[PDB]
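Chemist: okay, here's the opening piece of the assembly, coordinates as they are in the complex:
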Amino acid sequence: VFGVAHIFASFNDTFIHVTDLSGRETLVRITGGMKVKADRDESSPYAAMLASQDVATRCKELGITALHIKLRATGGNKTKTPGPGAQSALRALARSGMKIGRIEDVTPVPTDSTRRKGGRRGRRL
Amino acid sequence: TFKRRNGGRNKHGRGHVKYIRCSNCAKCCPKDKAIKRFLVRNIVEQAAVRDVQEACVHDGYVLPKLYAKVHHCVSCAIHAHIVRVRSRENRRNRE
Amino acid sequence: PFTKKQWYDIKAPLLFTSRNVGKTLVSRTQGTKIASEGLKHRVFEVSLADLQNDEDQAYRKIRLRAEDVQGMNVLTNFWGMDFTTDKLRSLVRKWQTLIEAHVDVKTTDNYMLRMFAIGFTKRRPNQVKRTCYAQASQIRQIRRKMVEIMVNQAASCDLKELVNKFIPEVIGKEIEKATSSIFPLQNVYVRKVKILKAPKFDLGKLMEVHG
Amino acid sequence: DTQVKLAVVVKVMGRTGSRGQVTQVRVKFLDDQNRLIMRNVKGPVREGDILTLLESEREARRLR
Amino acid sequence: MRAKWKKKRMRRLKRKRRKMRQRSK
């Protein structure tokens, strides 16, 4: 039986969010920041891997046997690259024993954006 | 001193070219001056391709590739080492 | 919390070869929260490969909508058409040109829908030219042909048979053979179908197309 | 609950770390002689040495 | 941007010189 892992892997955190095949029922939503103490390590690959195993147990406790991936970066008018937890989290629910269906990048892409934060000269730090 | 003949951008016959936002810092730079790389990457590095094809239920699933066109300003391109300071003689190689 | 939830079978209509896209769950009926009529419009998005046992159509994300529920089976109807991010972004490259067209369409049953087509100009073999561009006057002519074909290759009875055109690309391959004398045009498809509005429920309609 | 798993250094890659204090190696799991993953060892280590590993999911990246 | 800011220092100074002359008028 298939669920959908709406994985949100940005910088500064990660969301492993499993829903039904309609998106209208949440099933389990563990995030990277529930598994560590420091704000800096919320986006770490380890916290990403810890979250996914927690997801898999709660999924194997509920009968869904395989799942579909939807990787997601911040998108919009910010980065399109998925964050540092993307592959590490995905490698976990595969190595955790639950199966994957089809994998798609659903990062929000404008046909052209509203003005981006930071000003004309950009983040100069 | 005029460092370059093109002035640092490709703009001939034009008067104005619309700017773009740097991916890293969001500094505005004209589209013909930016460093533009089309990146074709895999969802997972080859470290974790077999143990994700072991989990695919449907046989023959090729893992899709993330496609992006990333823009940089000169300072972000230099600082990340996407382009380097070249010698005076090598500055003229466009390959 | 999950002990009060009852699952359902989601079934595609009969013009899709395989059925049973998967399972959904709904909380059991209470006061003012009835499972049966309370939700009823779930929208489902499933691959066309999973749906016709043909990986040769691994793109074309089919969007599906629940019109009615009958005794522990969620009866679903065709709701839309779209490409994967990777497939559309696989097609589009530099040194080429891209043509887009769209038109609003009525079927004989009153589904209002958009269709979007996309095409890409083809390098002929023996080309030594480094780029493959049509001219703007040519670009307009192809777009006008794209739109007209959409109009007349549509204006056919219903999404029952209209989807039967979308599946084997009855539209896209016919775009090329329609206008091969203006410019080659490889990778023609119908990239998207968005249903603007549908008529009233009309329960007789559903089971005739659905299993 | 992690189970201490043994691996063998098939080969040595480089000396990473700011001070170079970390030899990066490729390890061979003994339960399944198929899993070749990168790990980061401290101390002198050659091929044929056997590393005790508490976790395994922690995988070193290239030039980590 | 020294020359640009020097132009601003003249711009402010000259504005104040005009305000004085209106008062004396």
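Modeler: Received the coordinates, thanks. Residues are numbered from 1 along each chain as shown, chains lettered A, B, ... in the order given.
Chemist: how close does the residue of chain E found nearest chain B sit to residue D:12?
Modeler: Closest contact between chain E and chain B, by C-beta to the nearest C-beta, is at residue E:1 (17.7 Å). Every C-beta, even on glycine, is put in place using the N, C-alpha and C of the backbone. For residue E:1, the distance to residue D:12 (C-beta to C-beta, to the nearest Å) stands at 55 Å.
Chemist: higher neighbour count, the two?
Modeler: residue D:12 (15 against 7; other C-beta atoms under 10 Å in any protein chain shown).
Chemist: what is the more buried one paired to in the beta sheet?
Modeler: For residue D:12, the beta-bridge assignment (DSSP bridges) gives partners residue D:25.
Chemist: right, and it touches residue D:44 too?
Modeler: No - using C-beta atoms under 8 Å, residue D:12 is not in contact with residue D:44; the gap is 10.4 Å.
Chemist: Now list whatever residues contact both of these two.
Modeler: residue D:23 (C-beta atoms under 8 Å, 6 or more residues apart in numbering or on different chains).
Chemist: Give me the nearest residue to the residue most central in space within chain D, chain neighbours excluded.
Modeler: With distances taken as C-alpha atoms, centre = their mean, chain D has residue D:39 as the residue nearest its mean C-alpha position (3.1 Å). Spatial nearest neighbour of residue D:39, excluding adjacent residues (C-beta to C-beta, 6 or more residues apart in numbering or on different chains): residue D:27 at 4.9 Å.
Chemist: that's a strand at that neighbour, yeah?
Modeler: Yes - counting by DSSP: H, G, I helix; E, B strand; the rest coil, one finds residue D:27 located in a strand.
Chemist: who in chain A is up against chain B?
Modeler: Counting by C-beta under 8 Å from any C-beta of the partner chain, the residues of chain A lying close to chain B are A:66, A:71, A:77, A:79-82, A:86-87, A:90-91, A:94-95, A:98-105, A:113, A:116-124.
Chemist: Go through the residues you listed and flag which are in strands.
Modeler: Judged by DSSP state E, strands contain the following of the residues of chain A next to chain B: A:66, A:71, A:99-105.
Chemist: same structure, new chain, call it RNA strand F:
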RNA sequence: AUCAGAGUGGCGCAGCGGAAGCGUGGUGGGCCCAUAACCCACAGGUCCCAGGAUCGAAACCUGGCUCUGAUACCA
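Modeler: RNA strand F added:
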């Protein structure tokens, strides 16, 4: 003119009887080619003055001295 307020480390300030500190400043090492900044320590007090009571006072009442705000109208 009366009356309220306030006098405590070099300075600005806290301190409810067992009873003295906060910031900054001082002094001696460290870091530096050398100063700052930073690091480690060290030393500070007629608690305005004279009383008086008080287990026991810088604090509580009384007198003396100096700074500050106030209210002083009808003619």
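Chemist: what bridges to the residue nearest to the centre of chain D?
Modeler: Applying DSSP bridges, one finds that residue D:39 bridges with residue D:25.
Chemist: Please tell me how far residue C:132 sits from chain D.
Modeler: The gap separating residue C:132 from chain D is 38 Å, by C-beta to the nearest C-beta, to the nearest Å.
Chemist: That residue: what secondary structure?
Modeler: coil.
Chemist: Relative to chain A, how far out is it?
Modeler: Taken as C-beta to the nearest C-beta, the span from residue C:132 to chain A is 24 Å.
Chemist: Can you name the residues that contact that residue?
Modeler: So residue C:132 contacts C:95-97, C:121-123 (C-beta under 8 Å, 6+ apart).
Chemist: 7 Å instead?
Modeler: C:95-96, C:121, C:123 (C-beta atoms under 7 Å, 6 or more residues apart in numbering or on different chains).
Chemist: For chain D, what lies in contact range of chain A?
Modeler: Taking C-beta under 7 Å from any C-beta of the partner chain as the contact definition, chain D meets chain A at D:57-58.
Chemist: Run a quick neighbour tally on the closest residue in space to residue A:70 that isn't next to it in sequence.
Modeler: Among residues not flanking residue A:70 along the chain, residue A:106 sits closest, at 4.8 Å (C-beta to C-beta, 6+ apart). Residues near residue A:106, counting by other C-beta under 10 Å, number 16.
Chemist: go on, the one 3 residues further on?
Modeler: Residue A:109 has 13 neighbouring residues, counting by other C-beta under 10 Å.
Chemist: so where's the longest helix in chain C?
Modeler: In chain C, taking DSSP state H as the definition, the longest helix is helix C:136-153.
Chemist: Then chain B?
Modeler: Every helix in chain B considered (DSSP H), the longest is helix B:74-79.
Chemist: Pull the residues that contact it.
Modeler: Under the criterion C-beta under 7 Å, 6+ apart, residues B:22, B:24-25, B:35, B:83 lie in contact with helix B:74-79.
Chemist: Show me what the helix or strand following the longest helix of chain C is packed up against.
Modeler: Next along the chain after helix C:136-153, taking DSSP states H and E as the criterion, comes helix C:159-166. Where contact means 3 or more C-beta pairs under 7 Å, 6 or more residues apart in numbering or on different chains; DSSP states H and E, helix C:159-166 is packed against strand C:73-82.
Chemist: RNA strand G goes on too:
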RNA sequence: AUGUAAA
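Modeler: Now RNA strand G, sitting on the chains shown earlier:
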């Protein structure tokens, strides 16, 4: 952050 007037 900074760098003899003492040549």
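Chemist: again for the contacts of residue C:132, since RNA strand G is there now?
Modeler: Applying C-beta under 7 Å, 6+ apart, the residues near residue C:132 are C:95-96, C:121, C:123.
Chemist: go again using 6 Å as the cut-off
Modeler: Each residue near residue C:132 by C-beta atoms under 6 Å, 6 or more residues apart in numbering or on different chains is listed here: C:96, C:121, C:123.
Chemist: Is chain A within reach of stretch B:37-48?
Modeler: Yes - counting by C-beta under 6 Å from any C-beta of the partner chain, contacts between stretch B:37-48 and chain A involve B:43-44, B:48.
Chemist: Residues of chain B that sit close to chain C?
Modeler: Neighbours of chain C within chain B, by C-beta under 6 Å from any C-beta: B:64, B:67.
Chemist: what about stretch A:16-30, near chain C?
Modeler: Yes - using C-beta under 6 Å from any C-beta, stretch A:16-30 reaches chain C at A:20-22, A:24-25.
Chemist: List buried residues within the residues you listed.
Modeler: Among these, those buried by neighbour count (16 or more other C-beta atoms under 10 Å in any protein chain shown) are A:20-22, A:25.
Chemist: Reformat those residues as TSV; add distance to residue C:156 and secondary structure.
Modeler: As requested, these are arranged in TSV below (distance: C-beta to C-beta, whole Å; DSSP: H, G, I helix; E, B strand; the rest coil):
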residue	distance to residue C:156	secondary structure
A:20	35	coil
A:21	31	coil
A:22	30	coil
A:25	37	coil
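Chemist: related to what we said a few turns ago, please determine how far the residue nearest to the centre of chain D is located from chain C.
Modeler: For residue D:39, the distance to chain C - C-beta to the nearest C-beta - is 33 Å.
Chemist: distance of the nearest residue to residue D:28 once chain neighbours are set aside from residue D:46?
Modeler: Ranked by C-beta to C-beta, 6+ apart and with sequence neighbours excluded, the top spatial neighbour of residue D:28 is residue D:8, at 4.4 Å. Residue D:8 is 11 Å from residue D:46, where distance means C-beta to C-beta.
Chemist: In terms of neighbours, single out the busier of those two.
Modeler: Using other C-beta under 10 Å, the more surrounded residue of residue D:8 and residue D:46 is residue D:8, with 16 against 10.
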